[PDB]
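Presented below is the structure to which this report refers.
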Amino acid sequence: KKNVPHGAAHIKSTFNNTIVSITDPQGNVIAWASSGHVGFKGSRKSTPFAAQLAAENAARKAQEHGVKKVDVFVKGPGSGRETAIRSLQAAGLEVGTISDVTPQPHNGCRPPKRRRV
RNA sequence: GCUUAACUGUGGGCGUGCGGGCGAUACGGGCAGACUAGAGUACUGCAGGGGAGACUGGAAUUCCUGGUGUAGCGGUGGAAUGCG
């Protein structure tokens, strides 16, 4: 295989789930673990417990590829931001730095309209 | 006065008007005007997302291109449509 000394916790933290993609500094997701990856789907995909489970599974894969030092790259808001953060902290990946990597269309494109249920 | 009354006669006021002559010049108005407070013009600056026209930007989205890289992603109160 290979070893990644420093990783990046690219957390696609959708309210649906926190896809914790660990990425080498090159910019390649060496592995990822989401709520479904642990086994959480539907509402359980969006439960806070799924967040630390996904983060911990990703960090276990990180150790499996010898990853210890990771800076945290959290995407948009979801379920279990700080939860996945201290999961990664408690799973062999120290926090390093936290960065809210969220897209900012500064009054740009048009989305769908809305939901009323 | 009609027996009274109803009713009729008599004369007034009334018929508010119009027309003609005569008057007034406060006001309207007409004429001749005049004045700048009104209005309109200049000078000098002040606010600018007032508009129009021509040029440019990248966020961002999606798609497309090359990767790494997974069996999940998104879906909802949950689902199942949808895809991998």
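The chains in the structure tokens are called A, B, ... from first to last as shown; in each chain the residues are counted from 1, and the ligands are counted from 1 in the order shown.
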Could you work out which residues of chain A fall inside 10 Å of chain B? Count only C-alpha atoms (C1' of nucleotides), and format the result as an MDAnalysis selection string. chainID A and resid 14 16:17 19 21:24 26:37 39 41:43 103:111 117
The distance between CA of residue 25 in chain A and CA of residue 5 in chain A is 9.2 Å
Who sits within 8 Å of residue 73 in chain A, only C-alpha atoms (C1' of nucleotides), same chain under 6 positions skipped, as a PyMOL selection string: chain A and resi 8-11+98-101
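The space separating CA of residue 62 in chain A from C1' of residue 65 in chain B comes to 29.5 Å.
Interatomic distance, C1' of residue 37 in chain B against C1' of residue 25 in chain B: 28.9 Å.
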As a ChimeraX atom specification, which residues of range 68-105 of chain A does DSSP assign to alpha helix (DSSP H)? /A:81-89
Convert the current residue selection to file output with N, CA and C atoms, as a compact mmCIF listing (two decimals), in the first residue's frame.
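That gives us again-v9.txt:
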# COMPACT_ATOMS: atom_id res chain seq x y z
N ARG A 81 -21.38 17.67 13.78
CA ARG A 81 -20.17 18.37 13.38
C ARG A 81 -19.07 18.19 14.42
N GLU A 82 -19.27 18.76 15.61
CA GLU A 82 -18.33 18.56 16.70
C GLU A 82 -18.31 17.11 17.16
N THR A 83 -19.41 16.39 16.96
CA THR A 83 -19.46 14.97 17.30
C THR A 83 -18.47 14.16 16.47
N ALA A 84 -18.52 14.31 15.15
CA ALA A 84 -17.50 13.69 14.31
C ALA A 84 -16.12 14.24 14.60
N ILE A 85 -16.03 15.51 15.01
CA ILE A 85 -14.73 16.10 15.33
C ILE A 85 -14.06 15.35 16.48
N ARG A 86 -14.77 15.18 17.60
CA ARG A 86 -14.10 14.50 18.71
C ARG A 86 -14.11 12.98 18.55
N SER A 87 -14.93 12.44 17.64
CA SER A 87 -14.72 11.05 17.24
C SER A 87 -13.36 10.88 16.58
N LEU A 88 -13.06 11.73 15.59
CA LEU A 88 -11.75 11.68 14.95
C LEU A 88 -10.64 11.93 15.95
N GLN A 89 -10.86 12.88 16.87
CA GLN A 89 -9.90 13.12 17.95
C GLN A 89 -9.66 11.86 18.77
